[PDB]
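These notes are about the structure you will find just below.
Side-chain atoms are counted along with the backbone in the values below, which use heavy atoms only and exclude waters and symmetry mates. Per chain, numbering begins at 1; letters A, B, ... match sequence-line order.
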Amino acid sequence: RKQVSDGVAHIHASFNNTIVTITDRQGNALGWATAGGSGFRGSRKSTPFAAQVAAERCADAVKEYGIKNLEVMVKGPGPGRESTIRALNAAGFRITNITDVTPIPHXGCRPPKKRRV
Amino acid sequence: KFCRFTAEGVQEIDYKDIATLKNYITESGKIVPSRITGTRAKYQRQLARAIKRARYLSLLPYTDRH
Amino acid sequence: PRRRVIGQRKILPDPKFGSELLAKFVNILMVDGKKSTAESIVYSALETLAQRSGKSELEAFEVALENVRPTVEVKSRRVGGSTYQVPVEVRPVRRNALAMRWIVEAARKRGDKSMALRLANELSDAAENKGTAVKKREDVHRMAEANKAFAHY
Amino acid sequence: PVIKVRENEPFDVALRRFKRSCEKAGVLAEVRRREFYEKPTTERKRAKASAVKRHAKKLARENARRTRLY
RNA sequence: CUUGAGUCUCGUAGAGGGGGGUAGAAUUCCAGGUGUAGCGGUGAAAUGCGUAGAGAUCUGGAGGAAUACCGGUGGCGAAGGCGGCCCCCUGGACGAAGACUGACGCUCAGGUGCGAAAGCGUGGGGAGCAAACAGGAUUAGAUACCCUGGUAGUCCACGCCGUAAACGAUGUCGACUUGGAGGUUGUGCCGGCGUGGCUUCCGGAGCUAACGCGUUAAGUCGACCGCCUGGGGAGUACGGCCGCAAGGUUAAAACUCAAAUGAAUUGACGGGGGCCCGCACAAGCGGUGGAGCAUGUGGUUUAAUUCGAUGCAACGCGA
Ligand SMILES: [Mg+2]
Ligand SMILES: [Mg+2]
Ligand SMILES: [Mg+2]
Ligand SMILES: [Mg+2]
Ligand SMILES: [Mg+2]
Ligand SMILES: [Mg+2]
Ligand SMILES: [Mg+2]
Ligand SMILES: [Mg+2]
Ligand SMILES: [Mg+2]
Ligand SMILES: [Mg+2]
Ligand SMILES: [Mg+2]
Ligand SMILES: [Mg+2]
Ligand SMILES: [Mg+2]
Ligand SMILES: [Mg+2]
Ligand SMILES: [Mg+2]
Ligand SMILES: [Mg+2]
Ligand SMILES: [Mg+2]
Ligand SMILES: [Mg+2]
Ligand SMILES: [Mg+2]
Ligand SMILES: [Mg+2]
């Protein structure tokens with residue numbers, strides 16, 4: 001329905017998955033998509049390509065808002081960081097800023113124990 | 001390299017001169033390794049102390065992305 | 001091999017129309033080294049198709065090859081005991097090799113009376129995307145596309 | 001790290017300046033070190049091993065330069 | 001008597017200790033906004049969470065625990081240990097040139113004090129993590145490794161416990177015996193020349209079974225203390241002491257063996273590594289395993305089914 005013309009797209013790049021949430025300047029979400037929600041599970045869901053497809057699908061999913069410019073929040077270690085950005089840029093969005101938003105405890109809480117794989 | 005505080009013989013690094021501490025903090029906000037600057041050890045300790053003080057007084061950010 | 005010291009081999013040009021493509025194709029169709037019977041079956045089939053089409057033998061056969069020539073196949077690859085189909089590229093010569101092979105086999109398992117007739121109407125429907133061979137081009141293409149997300153190591 | 005896609009900026013080189021800022025900022029470094037708990041003794045062991053192998057490498061290549069290979 | 005030992009004055013460095021305050025990042029939980037079919041997790045999965053609206057993103061709030069960067073074979077402490085920032089109380093170390101005492105010293109059985117983590121008692125706290133436990137897988141089984149959860153505990157105060165590969169597996173003090181490259185912190189003379197404290201690495205003589213150690217000795221000496229006397233039984237039993245308990249400490253015997261042990265050497269092996277080869281993989285093409293038959297084998301049968309070969313490297317083998 002409504003039009004914003006300016007957005008901020010949040011990328012949650014984990015090792016298992018990649019989530020692309022498009023909001024507006026005040027943090028109210030416009031739309032989103034995920035690698036797992038796009039025909040990939042397990043191995044492929046954790047690939048740069050699935051992340052890319054999720055970014056373009058989320059672009060399509062916010063078509064009805066006329067967004068042109070996007071700040072970029074990349075969050076997390078996963079490989080889905082850059083592929084999703086190039087998908088959002090090639091999709092026809094004018095990228096303006098790129099900020100890494102990964103949480104860094106300045107100590108913090110005890111992480112889980114090492115896996116003895 | 002060339003540790004500066006010994007060049008000018010400063011006694012204490014004085015958290016107040018932020019423009020001085022501006023050069024020994026990363027623009028993300030982090031203290032820069034003494035190896036990278038060539039500051040001397042005693043002076044790098046004074047540096048860390050004064051940077052954390054000026055952080056407590058909110059004259060320098062703890063991070064780039066508060 | 002572990003060496004890569006394989007030079008290329010010479011292959012005879014065909015008598016009827018001077019096509020090494022037909023010599024390769026007949027070497028695929030051949031069994032037990034009965035080369036004369038293979039070349040004869042094949043010239044028969046290609047003249048049957050040069051009449052049921054009118055284009056030419058060379059050209060009806062190229063039209064059957066292109067419509068069946070695939071451009072990307074998958075390559076098995078083991079990662080964590082799991083076996084990954086990774087879509088690799090193909091050099092042109094492997095493309096036409098695969099085309100000719102799939103075409104000969106999909107003709108072999110057909111149900112006409114003779115074999116030259118099977119290959120003739122096979123290459124015809126191959127040229128019209130109704131044969132098992134263009135179907136295998138399709139299977140290899142969608143196999144590459146599905147696992148295309150592995151277009152890297 | 002924040003990245004300004006400047007005026008007239010080609011998007012790919014601003015992408016690469018982003019890559020540089022994340023790589024020299026230490027972001028994947030921190031996430032992969034902080035993913036799991038480390039015994040204090042374990043990381044003392046690892047830092048000591050890093051430094052000793054580095055100084056041993058220094059002095060190895062120090063004794064190397066004064067020899068002819070063939 | 002003053003060099004051993006110690007006192008006084010100026011200075012310097014440090015996560016040394018005890019008590020209080022305060023800050024930022026982050027996790028979890030709560031209230032609400034947007035927003036929509038997933039999320040999460042794994043080698044792959046499932047358990048689990050989500051249309052009762054999850055995850056994601058935003059605003060606000062509560063709470064606990066640790067203090068990224070600095071950060072460093074950097075520092076301090078008897079050892080155990082000690083790390084955001086600020087304040088209060090407090091121990092020690094070292095340096096410079098003096099003034100003072102006058103052997104006041106070293107070591108230490110018995111004794112006393114301190115003493116990681118786990119554990120225990122009382123009373124708080126509880127975010128994250130996580131023995132026990134529960135489920136999901138894996139597996140022949142899987143009381144595990146992996147996943148999803150999760151309680152004591154981990155945090156605080158007081159008291160107890162007194163043990164660790166509490167290690168440099170190297171007792172303390174003092175003296176002496178070539179070097180080299182560094183770190184850290186004083187200080188004298190003018191980036192250069194001196195002299196100290198602590199400290200990392202290499203290495204000489206020498207020592208060592210060797211490995212190695214080597215002015216920070218495992219070199220050359222002296223003082224004193226602790227400890228060892230083949231392996232197992234056994235740091236166990238009994239008794240004493242200590243402890244709320246868990247247990248700690250002191251500490252045997254019978255009996256059994258001819259070894260058990262250390263260092264280094266040549267091989268071999270490794271689900272260690274590096275580099276190469278081979279119809280060994282891949283690529284292909286044709287076979288075998290199914291049927292009828294030939295032949296050999298095994299085994300059953302027989303008086304005999306002669307004897308021998310019988311993983312690869314015996315089985316159309318001696319023939
Ligand atoms: Mg985990
Ligand atoms: Mg005693
Ligand atoms: Mg405790
Ligand atoms: Mg308790
Ligand atoms: Mg668990
Ligand atoms: Mg003991
Ligand atoms: Mg210890
Ligand atoms: Mg130690
Ligand atoms: Mg000992
Ligand atoms: Mg003593
Ligand atoms: Mg040595
Ligand atoms: Mg006992
Ligand atoms: Mg015990
Ligand atoms: Mg060969
Ligand atoms: Mg093969
Ligand atoms: Mg058979
Ligand atoms: Mg015999
Ligand atoms: Mg026989
Ligand atoms: Mg026999
Ligand atoms: Mg044979």
Side-chain angles (χ1 to χ4, degrees), chain A residues 8-12 14-38 41-43 45-46 58 61-62 73 75 101-113 115-117, chain B residues 15 24-26 28-37 39-42 44-58 60-63 65-66, chain C residues 1-3 27-28 30-32 75-82 94 97 101, chain D residues 25-26 29-30 33-34 36-37 39-41 44 47-56 58-59 62-63:
Chain A
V8 170
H10 308 259
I11 307 161
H12 194 78
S14 91
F15 272 106
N16 291 314
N17 201 355
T18 285
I19 301 198
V20 204
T21 280
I22 285 200
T23 82
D24 63 52
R25 300 203 67 97
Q26 345 296 344
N28 303 61
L30 304 207
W32 59 267
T34 61
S38 304
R41 306 302 307 167
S43 328
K45 162 178 58 123
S46 41
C58 175
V62 306
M73 302 319 155
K75 186 164 283 195
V101 275
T102 316
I104 294 302
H106 288 9
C109 288
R110 187 159 168 133
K113 64 175 184 173
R115 306 162 65 245
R116 298 183 292 281
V117 276
Chain B
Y15 58 91
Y24 308 106
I25 64 99
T26 312
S28 75
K30 301 160 63 175
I31 311 146
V32 58
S34 175
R35 61 170 161 272
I36 308 202
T37 71
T39 307
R40 271 225 287 102
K42 198 175 99 64
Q44 181 73 42
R45 308 199 297 279
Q46 292 182 9
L47 206 39
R49 295 207 204 96
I51 278 145
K52 299 154 142 167
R53 293 202 196 67
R55 286 154 163 197
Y56 172 61
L57 291 189
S58 193
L60 278 167
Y62 279 77
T63 90
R65 178 198 20 67
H66 277 295
Chain C
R2 281 199 192 281
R3 281 277 184 207
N27 266 334
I28 277 91
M30 189 162 66
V31 289
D32 301 320
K75 198 185 246 74
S76 170
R77 222 65 153 191
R78 301 163 35 55
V79 178
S82 287
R94 202 182 141 69
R101 190 192 290 151
Chain D
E30 288 267 327
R33 61 173 257 202
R34 285 162 178 281
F36 298 104
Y37 174 75
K39 284 235 278 223
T41 185
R44 303 187 294 249
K48 179 78 41 139
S50 101
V52 61
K53 298 267 193 336
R54 279 203 278 80
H55 183 253
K58 282 307 168 44
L59 272 73
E62 286 298 28
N63 308 113

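In this strand, E:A157 stacks onto E:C158; the six-membered rings sit under 5.5 Å apart at an angle under 30°. Consecutive residues E:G162 and E:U163 form an unstacked step, taking six-membered ring centres below 5.5 angstrom and planes below 30 degrees as the test. Judged on ring centres (limit 5.5 Å) and ring planes (limit 30°), E:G33 and E:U34 form a stacked step. A stacking criterion of 5.5 Å and 30° is not met by the six-membered base rings of adjacent nucleotides E:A258 and E:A259.
Residues B:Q44 and B:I31 come closest through the heavy atom pair NE2-CG2, 3.5 Å. Nearest approach of A:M73 to A:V101, heavy atoms of both residues: CB-CG2, 3.6 Å.
Comparing A:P103 and B:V32 against RNA chain E, the residue whose closest nucleotide sits nearer the 5' end is A:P103.
Residues meeting the side-chain contact (heavy atoms from CB on, under 4.5 Å) test with C:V79, sequence neighbours left out: C:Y84. Checked against side-chain contact (heavy atoms from CB on, under 4.5 Å), A:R41 has the following partners two or more places apart in sequence or in another chain: A:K45. The salt bridge (charged side-chain N to carboxylate O under 4.0 Å, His left out) test applied to C:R94 returns C:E73, not counting sequence neighbours. In terms of the side chain to side chain donor-acceptor pair (under 3.5 Å) criterion, B:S28 has no residue partners (sequence neighbours excluded). Take A:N16 and apply the side-chain contact (heavy atoms from CB on, under 4.5 Å) test, not counting sequence neighbours, and it matches A:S14. Take A:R25 and apply the salt bridge (charged side-chain N to carboxylate O under 4.0 Å, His left out) test, not counting sequence neighbours, and it matches A:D6, A:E71. Remark: B:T39 pairs with B:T37 by the side chain to side chain donor-acceptor pair (under 3.5 Å) rule, at least two apart or across chains.
The bases E:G4 and E:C317 are not paired as Watson-Crick or G-U wobble with both atom distances under 3.5 Å. Nucleotides E:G11 and E:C94 are base-paired: the Watson-Crick or wobble atom pairs both lie closer than 3.5 Å. Base pair annotation for E:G84 with E:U22: paired, by the Watson-Crick or G-U wobble rule (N1-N3 plus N6-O4 or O6-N4, or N1-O2 plus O6-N3, under 3.5 Å). In this structure E:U27 is not paired with E:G182, as neither the Watson-Crick nor the G-U wobble definition is met at both distances under 3.5 Å. E:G81 and E:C76 are base-paired: they meet the Watson-Crick or G-U wobble geometry, with both hydrogen-bonding distances under 3.5 Å. In this structure E:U154 is not paired with E:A103, as neither the Watson-Crick nor the G-U wobble definition is met at both distances under 3.5 Å. By the Watson-Crick or G-U wobble test, with both distances required under 3.5 Å, E:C146 and E:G287 do not count as a base pair. The bases E:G206 and E:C213 are paired, Watson-Crick or G-U wobble, with both atom distances under 3.5 Å. If you check E:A52 against E:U288, you find neither a Watson-Crick nor a G-U wobble pair with both contacts below 3.5 Å. A Watson-Crick or G-U wobble pair links E:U7 to E:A99, both relevant atom distances lying under 3.5 Å.
Checking E:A25, E:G72, E:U57 against the side-chain heavy atoms of B:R35 singles out E:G72 as nearest. Out of E:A68, E:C86, E:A56, the shortest distance to the side chain of D:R34 is found at E:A68. Closest to the side chain of C:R101, from the set E:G284, E:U73, E:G55, is E:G284. Candidate nucleotides E:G24, E:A26, E:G71 were compared by shortest atom distance to the side chain of A:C109, and E:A26 ranks first.
A straight line from CZ of D:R44 to P of E:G83 spans 12 Å, rounded to a whole angstrom. Atom CE of A:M73 is separated from atom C1' of E:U57 by 11 Å (rounded to the nearest Å). Computed from coordinates, the D:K58 NZ to E:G182 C1' distance equals 12 Å when rounded to whole Å. Summarising the geometry, the separation between CD1 on B:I51 and P on E:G71 is reported as 10 Å, rounded to the nearest angstrom.
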> Reading nucleotides 33-40 of chain E from the 5' end, what letters show protein touch, with B for base, S for backbone sugar-phosphate only, - for no heavy atom under 4.0 Å?
Replying inline: BBSBSSSB
> Which parts of nucleotides 133-149 of chain E does protein reach within less than 4.0 Å, heavy atoms only, written one letter per nucleotide 5' to 3' as B for base, S for sugar-phosphate only and - for none?
Replying inline: ------------SSS--
> Could you run down nucleotides 271-281 of chain E 5' to 3' and tag each one B, S or - for protein heavy-atom contact under 4.0 Å?
Replying inline: ------BB-B-
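A donor-acceptor contact under 3.5 Å is not formed by the side chain of B:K30 with the base of E:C70.
The stretch residues 49-56 of chain D touches RNA chain E through D:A51, D:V52, D:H55, each having a heavy atom within less than 4.0 Å of the strand.
The main-chain N or O of A:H10 is never found under 3.5 Å from a side-chain atom of A:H12 such that the two would form a donor-acceptor pair. Counting only distance, with no hydrogens or angles, the side chain of B:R55 and the backbone of B:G29 share a donor-acceptor pair below 3.5 Å.
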Measure all distances between protein nitrogen or oxygen atoms and nitrogen or oxygen atoms of nucleotides 183-185 of chain E, and list the pairs falling under 3.5 Å.
{"unit_1": "E:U185", "atom_1": "OP1", "unit_2": "B:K42", "atom_2": "N", "d": "3.0"}
{"unit_1": "E:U185", "atom_1": "OP1", "unit_2": "B:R45", "atom_2": "NH1", "d": "2.6"}
{"unit_1": "E:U185", "atom_1": "OP1", "unit_2": "B:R45", "atom_2": "NH2", "d": "3.1"}

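Across E:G75 and E:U199, the matching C1' atoms stand 11 Å from one another, rounded to whole Å.
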